[PDB]
Structure formats: structure tokens, C-alpha cells
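Numbering-wise (PDB author numbering), the sequence shown opens with residue 2 and increments by one.
Even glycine gets a Cβ: it sits at the ideal position worked out from N, Cα and C.
For reference, the structure is listed below as C-alpha cells.
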Amino acid sequence: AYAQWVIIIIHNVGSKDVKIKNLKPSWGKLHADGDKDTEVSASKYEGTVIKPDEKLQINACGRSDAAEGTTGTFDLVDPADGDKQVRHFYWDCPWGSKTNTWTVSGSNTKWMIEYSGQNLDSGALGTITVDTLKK
């Protein structure tokens, strides 16, 4: 259902380019900003280079009237280091469960990734701002 939703805002707060790769929704769909009725494909964002002080916004929700939510993964990669993984992200805003998941993993010490705005308890995962900085 549309009630299972997340908005991911990736803001490059550093001075070096970051890139999005392997954007893979596994449940639900991606949609246009402020418009859940307009499906957008992952290819719209796949490989986008986020330059210093730019943002990239991804909107994901459960399919219309479906007893299923939104789940997926993506990577942030370093385009200046042969697309070396920066961090791996996993999101889940499931239908008929009070627990959402937002997991960030990885081991690239040249980067600092901060996130906030998530809601793990009941209803939507919310609007998550992910700030990226290459140290």
C-alpha cells in the first residue's frame, strides 16, 4: 500500500563526487517526487554522480492497495576509486508490521556517512537524509 513509504535524500556535503549504484527495490515501487501514482524506474537514478552540494531524492512505496510494502537496497560508490563501495543501504517499510528497517553497512574509511529522519516504529520509514563526505 502507499502508506508503506520512504523518501531517501542523498546530500553530498563533501568536496568529492559520490555515486549511486545497484539501486534494487525488491518490494513495492519507486515513484516521482510527491506523486505515488507515477512509477519511476531505478534506471532514472542508477549510476547518478552526486556532485558536491547536490542532492538526489528517491521515493519508494508499496504498490497500490497491496498487502505489501517497500523494501530495497542501493550502494553509494566512489567514482574516483573504480566505483569502490562507500556504503551499502537496506530499507524495509513492511505492510502489516510495526517494525521498519534502515541498515547502513560498509568499511570504506575515506568516507563519512551520516543519516537521520528515519522512523523504525510503526507506519512509514519517513524522510531519511543521508549526508556523504569524503574525508
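Asked: Let me know the secondary structure DSSP gives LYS20 once reduced to three states.; Found: strand
Asked: Would you call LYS30 buried or exposed, if buried means 16 or more other Cβ atoms sit within 10 Å of its Cβ?; Found: buried
Asked: Taking DSSP's pairing of strands, which residues face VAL41 in a bridge?; Found: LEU31
Asked: Touching or not, the region 107-119 and the region 76-93, by the rule of three or more beta carbon pairs under 8 Å?; Found: yes
Asked: Measure from the alpha carbon of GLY127 to the alpha carbon of each residue in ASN101, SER108, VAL105 and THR133, then state which is nearest.; Found: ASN101
Asked: May I ask you to report which of helix, strand or coil DSSP gives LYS85?; Found: strand
Asked: What distance in whole Å lies between the Cβ atoms of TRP96 and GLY70, which are believed to be in contact at a cut-off of 8 Å?; Found: 4 Å
Asked: Whose CA, out of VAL14, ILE9, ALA2 and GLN58, lies closest to the CA of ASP132?; Found: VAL14
Asked: Counting C-beta neighbours from all protein chains within 10 Å, is the total for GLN119 16 or more, i.e. buried, or is it exposed?; Found: buried
Asked: Express the C-alpha separation of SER65 and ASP18 in angstroms, rounding to a whole number.; Found: 36 Å
Asked: Residues bridged to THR74 by DSSP?; Found: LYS25 and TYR91
Asked: Return the residue from the list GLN86, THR39, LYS25 and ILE51 that minimises the CA-CA distance to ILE10.; Found: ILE51
Asked: What is the C-beta distance between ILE129 and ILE8, in whole angstroms, given that I count them as a contact (C-beta under 8 Å)?; Found: 7 Å
Asked: Roughly how many whole angstroms lie between the Cα atoms of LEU121 and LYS99?; Found: 8 Å
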